[PDB]
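This is data.cif. It holds mmCIF, C-alpha atoms.
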data_target
#
loop_
_atom_site.label_atom_id
_atom_site.label_comp_id
_atom_site.auth_asym_id
_atom_site.auth_seq_id
_atom_site.Cartn_x
_atom_site.Cartn_y
_atom_site.Cartn_z
CA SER A 1 53.89 7.86 17.29
CA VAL A 2 51.29 5.07 17.59
CA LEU A 3 48.32 4.44 15.30
CA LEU A 4 45.21 2.27 15.65
CA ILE A 5 43.43 0.65 12.70
CA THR A 6 40.04 -1.03 13.23
CA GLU A 7 37.48 -3.00 11.20
CA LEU A 8 40.04 -5.50 9.92
CA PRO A 9 39.09 -8.37 7.61
CA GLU A 10 37.21 -11.07 9.51
CA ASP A 11 39.71 -13.59 8.10
CA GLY A 12 43.10 -12.37 6.89
CA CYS A 13 44.81 -10.25 9.55
CA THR A 14 48.42 -10.96 10.55
CA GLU A 15 51.24 -8.89 12.00
CA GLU A 16 52.90 -9.15 8.58
CA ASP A 17 49.75 -8.01 6.74
CA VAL A 18 49.59 -4.68 8.58
CA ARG A 19 53.33 -4.14 8.09
CA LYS A 20 53.20 -4.60 4.31
CA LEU A 21 50.43 -2.03 3.94
CA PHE A 22 52.10 0.72 5.98
CA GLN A 23 55.81 0.14 5.22
CA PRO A 24 55.72 2.49 2.16
CA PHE A 25 55.03 5.31 4.65
CA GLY A 26 57.86 4.88 7.15
CA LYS A 27 59.88 2.60 9.40
CA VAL A 28 57.47 0.30 11.26
CA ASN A 29 59.01 -1.35 14.32
CA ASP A 30 56.35 -2.93 16.55
CA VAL A 31 52.99 -4.13 15.21
CA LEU A 32 50.45 -5.52 17.70
CA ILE A 33 47.41 -7.52 16.57
CA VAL A 34 44.35 -8.51 18.62
CA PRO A 35 41.76 -10.36 16.50
CA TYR A 36 39.05 -10.44 19.19
CA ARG A 37 37.98 -6.91 18.16
CA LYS A 38 39.31 -7.04 14.55
CA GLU A 39 41.86 -4.28 15.14
CA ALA A 40 45.61 -3.79 15.44
CA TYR A 41 48.16 -1.27 16.73
CA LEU A 42 51.16 -0.13 14.69
CA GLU A 43 54.00 1.71 16.43
CA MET A 44 55.55 4.12 13.92
CA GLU A 45 59.20 5.12 14.23
CA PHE A 46 58.85 8.86 13.56
CA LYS A 47 55.90 11.23 13.86
CA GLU A 48 56.20 12.30 10.22
CA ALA A 49 54.87 9.02 8.81
CA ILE A 50 51.68 9.71 10.80
CA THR A 51 50.95 12.96 8.96
CA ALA A 52 51.88 11.15 5.73
CA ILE A 53 49.34 8.38 6.35
CA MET A 54 46.62 10.82 7.38
CA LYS A 55 47.00 13.27 4.49
CA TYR A 56 46.82 10.30 2.10
CA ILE A 57 43.53 9.00 3.53
CA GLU A 58 41.66 12.23 2.77
CA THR A 59 41.52 11.16 -0.90
CA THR A 60 41.95 7.37 -1.00
CA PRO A 61 41.18 4.81 1.74
CA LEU A 62 43.86 2.28 2.61
CA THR A 63 42.85 -1.28 1.69
CA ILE A 64 44.05 -4.67 2.94
CA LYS A 65 42.81 -7.75 1.05
CA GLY A 66 40.57 -5.30 -0.80
CA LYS A 67 38.68 -4.19 2.32
CA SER A 68 39.20 -0.57 3.35
CA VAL A 69 40.03 -0.18 7.04
CA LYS A 70 39.50 2.73 9.45
CA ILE A 71 42.50 4.49 10.99
CA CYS A 72 42.28 6.03 14.47
CA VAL A 73 44.62 8.37 16.36
CA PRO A 74 45.12 8.57 20.19
#
Render the structure in this file as structure tokens.
Amino acid sequence: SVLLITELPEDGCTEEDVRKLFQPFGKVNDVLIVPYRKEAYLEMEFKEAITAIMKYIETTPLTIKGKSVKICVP
């Protein structure tokens, strides 16, 4: 349901940023951003987009502003 991405760009993280990157995978409702730790929390609508994100990362890392970020599960 909920994903965590860490190691965000030191300058260039918005709630809209994270949405744009992950929208092609599913319906994103709530996105929560805390810049103090350079991380954010996306709340995915269905559990199937989660397996879709994860199976994609085993070959190509997701990149925002050119920096690849690290995705973490509960």
For this session: For the structure provided, state which residues fall under the PyMOL selection byres ((chain A and resi 41-47) around 6), and present them as a PyMOL selection string.
Result: chain A and resi 1-4+27-28+30-32+40+48-50
Given the selection you just returned, output its residues as a file containing C-alpha atoms, formatted as an mmCIF file, keeping the file's coordinate frame.
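Produced file out_28.cif, reproduced below:
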data_model
loop_
_atom_site.group_PDB
_atom_site.id
_atom_site.type_symbol
_atom_site.label_atom_id
_atom_site.label_comp_id
_atom_site.auth_asym_id
_atom_site.auth_seq_id
_atom_site.Cartn_x
_atom_site.Cartn_y
_atom_site.Cartn_z
ATOM 1 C CA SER A 1 53.890 7.860 17.290
ATOM 2 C CA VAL A 2 51.290 5.070 17.590
ATOM 3 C CA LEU A 3 48.320 4.440 15.300
ATOM 4 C CA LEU A 4 45.210 2.270 15.650
ATOM 5 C CA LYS A 27 59.880 2.600 9.400
ATOM 6 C CA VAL A 28 57.470 0.300 11.260
ATOM 7 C CA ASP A 30 56.350 -2.930 16.550
ATOM 8 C CA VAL A 31 52.990 -4.130 15.210
ATOM 9 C CA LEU A 32 50.450 -5.520 17.700
ATOM 10 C CA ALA A 40 45.610 -3.790 15.440
ATOM 11 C CA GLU A 48 56.200 12.300 10.220
ATOM 12 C CA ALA A 49 54.870 9.020 8.810
ATOM 13 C CA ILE A 50 51.680 9.710 10.800
#
For this session: For the file shown, report as a PyMOL selection string the outcome of the PyMOL selection byres ((chain A and resi 8) around 6) at residue level.
Result: chain A and resi 6-7+9+38-39
For this session: Pull out every residue that the PyMOL selection byres ((chain A and resi 72) around 7) matches in the shown coordinates and put them as a ChimeraX atom specification.
Result: /A:3-5,70-71,73-74
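Rounded to one decimal, atom CA of residue 19 of chain A and atom CA of residue 67 of chain A lie 15.7 Å from each other.
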Exercise. Between atom CA of residue 55 of chain A and atom CA of residue 36 of chain A, what is the spacing in Å?
Worked result: 29.0 Å
For this session: To one decimal in Å, tell me the separation between atom CA of residue 37 of chain A and atom CA of residue 23 of chain A.
Result: 23.1 Å
For this session: Excluding segment 60-64 of chain A and any residue of its chain fewer than 6 positions from it, enumerate the residues within 8 Å of it, using all atoms listed in the file, and give them as a PyMOL selection string.
Result: chain A and resi 9+17-18+21
Exercise. When distances are computed from only C-alpha atoms, which of A:20, A:25, A:34, A:14 shows the smallest separation from residue 56 of chain A?
Worked result: A:25
Completion of segment 6-36 of chain A up to N, CA and C atoms, as a PDB file, keeping the file's coordinate frame:
ATOM      1  N   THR A   6      41.142  -0.166  12.806  1.00  0.00           N
ATOM      2  CA  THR A   6      40.040  -1.030  13.230  1.00  0.00           C
ATOM      3  C   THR A   6      39.314  -1.568  12.000  1.00  0.00           C
ATOM      4  N   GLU A   7      38.314  -2.416  12.255  1.00  0.00           N
ATOM      5  CA  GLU A   7      37.480  -3.000  11.200  1.00  0.00           C
ATOM      6  C   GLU A   7      38.333  -3.791  10.207  1.00  0.00           C
ATOM      7  N   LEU A   8      39.182  -4.664  10.741  1.00  0.00           N
ATOM      8  CA  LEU A   8      40.040  -5.500   9.920  1.00  0.00           C
ATOM      9  C   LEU A   8      39.208  -6.555   9.210  1.00  0.00           C
ATOM     10  N   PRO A   9      39.773  -7.217   8.198  1.00  0.00           N
ATOM     11  CA  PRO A   9      39.090  -8.370   7.610  1.00  0.00           C
ATOM     12  C   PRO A   9      38.808  -9.445   8.658  1.00  0.00           C
ATOM     13  N   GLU A  10      37.604 -10.020   8.584  1.00  0.00           N
ATOM     14  CA  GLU A  10      37.210 -11.070   9.510  1.00  0.00           C
ATOM     15  C   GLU A  10      38.106 -12.302   9.398  1.00  0.00           C
ATOM     16  N   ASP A  11      38.749 -12.504   8.251  1.00  0.00           N
ATOM     17  CA  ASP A  11      39.710 -13.590   8.100  1.00  0.00           C
ATOM     18  C   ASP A  11      40.804 -13.108   7.155  1.00  0.00           C
ATOM     19  N   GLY A  12      41.991 -12.852   7.696  1.00  0.00           N
ATOM     20  CA  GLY A  12      43.100 -12.370   6.890  1.00  0.00           C
ATOM     21  C   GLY A  12      43.849 -11.211   7.512  1.00  0.00           C
ATOM     22  N   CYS A  13      44.066 -11.268   8.825  1.00  0.00           N
ATOM     23  CA  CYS A  13      44.810 -10.250   9.550  1.00  0.00           C
ATOM     24  C   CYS A  13      45.989 -10.910  10.266  1.00  0.00           C
ATOM     25  N   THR A  14      47.202 -10.508   9.897  1.00  0.00           N
ATOM     26  CA  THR A  14      48.420 -10.960  10.550  1.00  0.00           C
ATOM     27  C   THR A  14      49.264  -9.739  10.898  1.00  0.00           C
ATOM     28  N   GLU A  15      50.292  -9.960  11.720  1.00  0.00           N
ATOM     29  CA  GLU A  15      51.240  -8.890  12.000  1.00  0.00           C
ATOM     30  C   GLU A  15      51.975  -8.483  10.723  1.00  0.00           C
ATOM     31  N   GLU A  16      52.220  -9.448   9.829  1.00  0.00           N
ATOM     32  CA  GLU A  16      52.900  -9.150   8.580  1.00  0.00           C
ATOM     33  C   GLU A  16      52.006  -8.372   7.620  1.00  0.00           C
ATOM     34  N   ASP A  17      50.721  -8.735   7.546  1.00  0.00           N
ATOM     35  CA  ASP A  17      49.750  -8.010   6.740  1.00  0.00           C
ATOM     36  C   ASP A  17      49.835  -6.504   6.975  1.00  0.00           C
ATOM     37  N   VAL A  18      49.633  -6.099   8.233  1.00  0.00           N
ATOM     38  CA  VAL A  18      49.590  -4.680   8.580  1.00  0.00           C
ATOM     39  C   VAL A  18      50.907  -4.000   8.232  1.00  0.00           C
ATOM     40  N   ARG A  19      52.025  -4.700   8.437  1.00  0.00           N
ATOM     41  CA  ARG A  19      53.330  -4.140   8.090  1.00  0.00           C
ATOM     42  C   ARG A  19      53.405  -3.808   6.608  1.00  0.00           C
ATOM     43  N   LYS A  20      53.080  -4.783   5.752  1.00  0.00           N
ATOM     44  CA  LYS A  20      53.200  -4.600   4.310  1.00  0.00           C
ATOM     45  C   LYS A  20      52.450  -3.371   3.829  1.00  0.00           C
ATOM     46  N   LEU A  21      51.248  -3.157   4.364  1.00  0.00           N
ATOM     47  CA  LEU A  21      50.430  -2.030   3.940  1.00  0.00           C
ATOM     48  C   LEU A  21      51.074  -0.692   4.285  1.00  0.00           C
ATOM     49  N   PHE A  22      51.638  -0.571   5.490  1.00  0.00           N
ATOM     50  CA  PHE A  22      52.100   0.720   5.980  1.00  0.00           C
ATOM     51  C   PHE A  22      53.584   0.979   5.761  1.00  0.00           C
ATOM     52  N   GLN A  23      54.376  -0.053   5.462  1.00  0.00           N
ATOM     53  CA  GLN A  23      55.810   0.140   5.220  1.00  0.00           C
ATOM     54  C   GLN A  23      56.116   1.260   4.233  1.00  0.00           C
ATOM     55  N   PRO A  24      55.411   1.398   3.090  1.00  0.00           N
ATOM     56  CA  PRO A  24      55.720   2.490   2.160  1.00  0.00           C
ATOM     57  C   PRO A  24      55.656   3.887   2.776  1.00  0.00           C
ATOM     58  N   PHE A  25      55.147   4.008   4.000  1.00  0.00           N
ATOM     59  CA  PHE A  25      55.030   5.310   4.650  1.00  0.00           C
ATOM     60  C   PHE A  25      56.166   5.622   5.610  1.00  0.00           C
ATOM     61  N   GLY A  26      56.763   4.619   6.242  1.00  0.00           N
ATOM     62  CA  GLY A  26      57.860   4.880   7.150  1.00  0.00           C
ATOM     63  C   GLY A  26      58.396   3.594   7.736  1.00  0.00           C
ATOM     64  N   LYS A  27      59.300   3.742   8.702  1.00  0.00           N
ATOM     65  CA  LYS A  27      59.880   2.600   9.400  1.00  0.00           C
ATOM     66  C   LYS A  27      58.909   2.119  10.465  1.00  0.00           C
ATOM     67  N   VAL A  28      58.380   0.913  10.291  1.00  0.00           N
ATOM     68  CA  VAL A  28      57.470   0.300  11.260  1.00  0.00           C
ATOM     69  C   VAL A  28      58.272  -0.678  12.100  1.00  0.00           C
ATOM     70  N   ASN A  29      58.259  -0.483  13.419  1.00  0.00           N
ATOM     71  CA  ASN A  29      59.010  -1.350  14.320  1.00  0.00           C
ATOM     72  C   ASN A  29      58.105  -2.417  14.914  1.00  0.00           C
ATOM     73  N   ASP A  30      57.257  -2.022  15.860  1.00  0.00           N
ATOM     74  CA  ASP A  30      56.350  -2.930  16.550  1.00  0.00           C
ATOM     75  C   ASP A  30      54.964  -2.852  15.927  1.00  0.00           C
ATOM     76  N   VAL A  31      54.382  -4.013  15.630  1.00  0.00           N
ATOM     77  CA  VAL A  31      52.990  -4.130  15.210  1.00  0.00           C
ATOM     78  C   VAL A  31      52.307  -5.119  16.152  1.00  0.00           C
ATOM     79  N   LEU A  32      51.197  -4.702  16.754  1.00  0.00           N
ATOM     80  CA  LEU A  32      50.450  -5.520  17.700  1.00  0.00           C
ATOM     81  C   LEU A  32      49.060  -5.802  17.142  1.00  0.00           C
ATOM     82  N   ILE A  33      48.670  -7.073  17.148  1.00  0.00           N
ATOM     83  CA  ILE A  33      47.410  -7.520  16.570  1.00  0.00           C
ATOM     84  C   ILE A  33      46.592  -8.220  17.651  1.00  0.00           C
ATOM     85  N   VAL A  34      45.326  -7.821  17.781  1.00  0.00           N
ATOM     86  CA  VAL A  34      44.350  -8.510  18.620  1.00  0.00           C
ATOM     87  C   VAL A  34      43.158  -8.812  17.726  1.00  0.00           C
ATOM     88  N   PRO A  35      42.866 -10.079  17.417  1.00  0.00           N
ATOM     89  CA  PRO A  35      41.760 -10.360  16.500  1.00  0.00           C
ATOM     90  C   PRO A  35      40.390 -10.364  17.157  1.00  0.00           C
ATOM     91  N   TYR A  36      40.326 -10.382  18.491  1.00  0.00           N
ATOM     92  CA  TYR A  36      39.050 -10.440  19.190  1.00  0.00           C
ATOM     93  C   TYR A  36      38.147  -9.259  18.842  1.00  0.00           C
TER      94      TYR A  36
END
